[PDB]
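First comes the structure, then the notes that go with it.
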There are 2 protein chains.
Amino acid sequence: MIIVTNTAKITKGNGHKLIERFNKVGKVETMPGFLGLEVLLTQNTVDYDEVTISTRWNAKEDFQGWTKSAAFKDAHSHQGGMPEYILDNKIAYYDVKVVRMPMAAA
Amino acid sequence: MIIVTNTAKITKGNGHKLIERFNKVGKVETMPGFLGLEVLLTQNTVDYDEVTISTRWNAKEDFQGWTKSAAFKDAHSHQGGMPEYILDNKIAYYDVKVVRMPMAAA
């Protein structure tokens, strides 16, 4: 299982703009091996906003299949390029090593 | 929903030691409002290992309850210190803004 994160440093007060663009049903959630997408807003960022888009996959080749897909070309098409309010964008890959679920389900 | 992360930079080749310490049933899983813990290893870090412990909570008050609990206190009773391979540690808090679950492509 892997997580892929896209972390955007954003001009203060503009984080909501990037959140809005992901706050809809899309195509990535129809991809094989997709396990979920979440958008996070970092707390206590003083002079900037920080928005993280993270997707979880059963394996890296499942993510790679999406990035080569047709739907990936449409979802990254009429996007107005990199907006003015994005100061930096970092992508990272993570291996999931341990998962510990609550007792309220176990 | 919030996520609390603790990200440790660790001497390259020693990341497995922190992961192993979290690879067991603990007490945070018994806390009300707890939604899950995972341990991540960042891919393609050159000079160090990076291990992230993530806990997910229904609300910030649930995490606060945990940090006030006798369990949390006992789990940090150690007055000794820190293993020499732990180089840095940063805590971050996140508000979950969007969750997109898998959908059938039909």
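Every number in this text was worked out from the coordinates using simple rules, so none of it is lab data. Backbone-built Cβ (ideal geometry, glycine too); neighbour counts: all protein chains shown.
Quick rundown of the values:
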| quantity | calculated |
| --- | --- |
| Qualifying residue in the stretch A:51-58 (condition: in contact with a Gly (Cβ under 9 Å, 6 or more places away or on another chain), of a type in the set (K, R) and within 23 Å of B:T52 (Cα to Cα)) | yes |
| The stretch A:62-78: number of residues that are free of Cβ contacts under 8 Å to residues at least 12 places away in the same chain and either surrounded by 10 or more Cβ atoms within 10 Å (Cβ to Cβ) or not basic (K, R) (or both) | 7 |
| Residue in the stretch B:13-25 that is among the aromatic types (F, W, Y) and either within 25 Å of A:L37 (Cα to Cα) or free of Cβ contacts under 8 Å to residues at least 40 places away in the same chain (or both) present | yes |
| Residues that are within 13 Å of the chain's Cα centre (by Cα) and under 21 Å from B:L41 (Cβ atoms), drawn from the stretch A:38-82 | A:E38, A:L40, A:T52, A:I53, A:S54, A:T55, A:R56, A:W57, A:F63 |
| Some residue of the stretch B:12-29 being of a type in the set (S, T, N, Q), surrounded by 13 or more Cβ atoms within 10 Å (Cβ to Cβ) and within 25 Å of A:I91 (Cα to Cα) | yes |
| Boolean, B:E84 is touching a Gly at 6+ places or on another chain (Cβ under 8 Å), at negative phi and either among the polar types (S, T, N, Q) or exposed (fewer than 14 other Cβ atoms within 10 Å of the Cβ) (or both) | no |
| Yes/no for B:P102 being in contact with a helix residue (DSSP H, G or I) (Cβ under 6 Å, 6 or more places away or on another chain) and surrounded by fewer than 18 Cβ atoms within 10 Å (Cβ to Cβ) | yes |
